[PDB]
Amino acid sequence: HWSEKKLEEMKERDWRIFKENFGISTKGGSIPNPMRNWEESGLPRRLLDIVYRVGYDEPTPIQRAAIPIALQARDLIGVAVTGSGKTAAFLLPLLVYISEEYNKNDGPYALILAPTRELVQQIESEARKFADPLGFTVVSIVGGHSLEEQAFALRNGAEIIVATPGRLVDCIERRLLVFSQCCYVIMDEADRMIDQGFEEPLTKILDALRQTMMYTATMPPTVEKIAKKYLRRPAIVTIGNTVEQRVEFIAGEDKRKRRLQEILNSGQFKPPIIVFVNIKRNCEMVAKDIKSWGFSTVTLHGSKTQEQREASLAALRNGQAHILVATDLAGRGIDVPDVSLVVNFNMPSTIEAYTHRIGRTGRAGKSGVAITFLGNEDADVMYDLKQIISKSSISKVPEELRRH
């Protein structure tokens, strides 16, 4: 008795289905629910009918996920590949905050940084068809053109200025330009910023002190540092884009708990560690048993809400809790970073769930270890699993799948 996303109030479960469909994920920061449609974007209709006019009938996942949480005074990180639609995703929320605002002030209200001149000019244009109807200007600071034409922003608007970190710094220390009013900064593709040595020049641009946002495809340690030092209360949107090693054991029905004890006491793996189980009663029973082993375990269950469920996942990240027990429902959507080990105490009847639970261990790369317990009571999956292990022939040998 359910309606498949043709509902008015929705349910937390339904929201989770929503995200899983569009593949988007978020790290908790008291986050607002994502957009289904433009008609209540939180944006004014004069901007919406422009969104329609350009032919953007459908929101890209990054747009629907990033915009609603940007409309509130919170910084966001946009982990997404190029072509995601992320440009308009940071443009629209900027435009609505452009006016919350005068002509004569002289010194940009907002700044947009990009690794390449091509991007700076793409952002310029993509912004211009949104800005020109709104009656204000966007200026690109780029070389390779006549300087007189650049110095041409005569009415001295430049409510938004888009430029390379490496050329804007050129006009900054000489103080040929001022950021007295730049209280909104956007960092598109900080990947190739660092990949093209804009690190220190970018850091030079730290003036004024409100929102700052950051769209990338990746977060290497250089990029993560740049993030933490300048992003107050980060909100991390992510979009779904082999890694896993897939060790597998054959065992009796419940000798498996002693093996789990052995693994945990091996110390080979570093908490957080996720151990899945097919049955709820066995979920809470093994969790209590791991509690008796002295380990710090946290249970994520539907009786409580996201406010507390999120608190629990955060309680997993922050090291107050080490091991997590779960049913398939308990954490289909969860995205706890760099978990050392996925223990399938019971392999699920459906095969896609296995792929799903092991599918979340490496962000861009991790230990990716997944031990899966097996028996003859779970024979139906055996023939399938083998070939899927071959599909990820990388990182693992099935070694002993001589039967089905």
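All residue numbers refer to positions in the sequence shown, first residue = 1.
Peer 1: Between residue 147 and residue 148, count the deposited residues left without coordinates and pick a bin: none, 1 to 3, 4 to 9, 10 or more.
Peer 2: Going from residue 147 to residue 148, the model skips no residues of the deposited sequence.
Peer 1: Is there a break between residue 100 and residue 101, and how many deposited residues does it span: none, 1 to 3, 4 to 9, or 10 or more?
Peer 2: In the deposited sequence, 4 to 9 residues between these two have no coordinates.
Peer 1: Mind pulling up the entry and telling me whether 362-370 or 344-352 has the higher mean Cα temperature factor?
Peer 2: The deposited B-factors put 362-370 ahead on the C-alpha mean.
Peer 1: Output the stretch having the higher mean C-alpha B factor in the entry; the candidates are 169-177 and 153-161.
Peer 2: The recorded data point to 169-177.
Peer 1: In terms of recorded Cα temperature factor, pick the maximum from 307, 189, 262, 126.
Peer 2: Of the options given, 307 has the highest CA B-factor in the PDB entry.
Peer 1: Can you tell me which of 299, 105, 122, 238 has the maximum CA B-factor listed in the PDB entry?
Peer 2: Reading the PDB entry, the winner on C-alpha B-factor is 105.
Peer 1: Could you look up the Cα B-factor of residue 34 in the entry and say which third of the chain it sits in: lowest, middle or highest?
Peer 2: According to the entry, residue 34 has a C-alpha B-factor in the chain's lowest third.
Peer 1: Quick check on the deposited entry: does the C-alpha B-factor of residue 337 sit in the lowest, middle or highest third of its chain?
Peer 2: Highest third.
Peer 1: Please place residue 277 in the lowest, middle or highest third of its chain according to the CA B-factor in the PDB entry.
Peer 2: Its C-alpha B-factor, which the entry lists for residue 277, ranks in the middle third among residues of this chain.
Peer 1: Using only modelled residues of the chain, where does the Cα B factor of residue 222 rank: lowest third, middle third or highest third?
Peer 2: According to the entry, residue 222 has a C-alpha B-factor in the chain's lowest third.
Peer 1: If you rank the chain by CA B-factor, which third does residue 211 end up in: lowest, middle or highest?
Peer 2: Within its chain, residue 211 is a middle-third residue by C-alpha B-factor, going by the deposited values.
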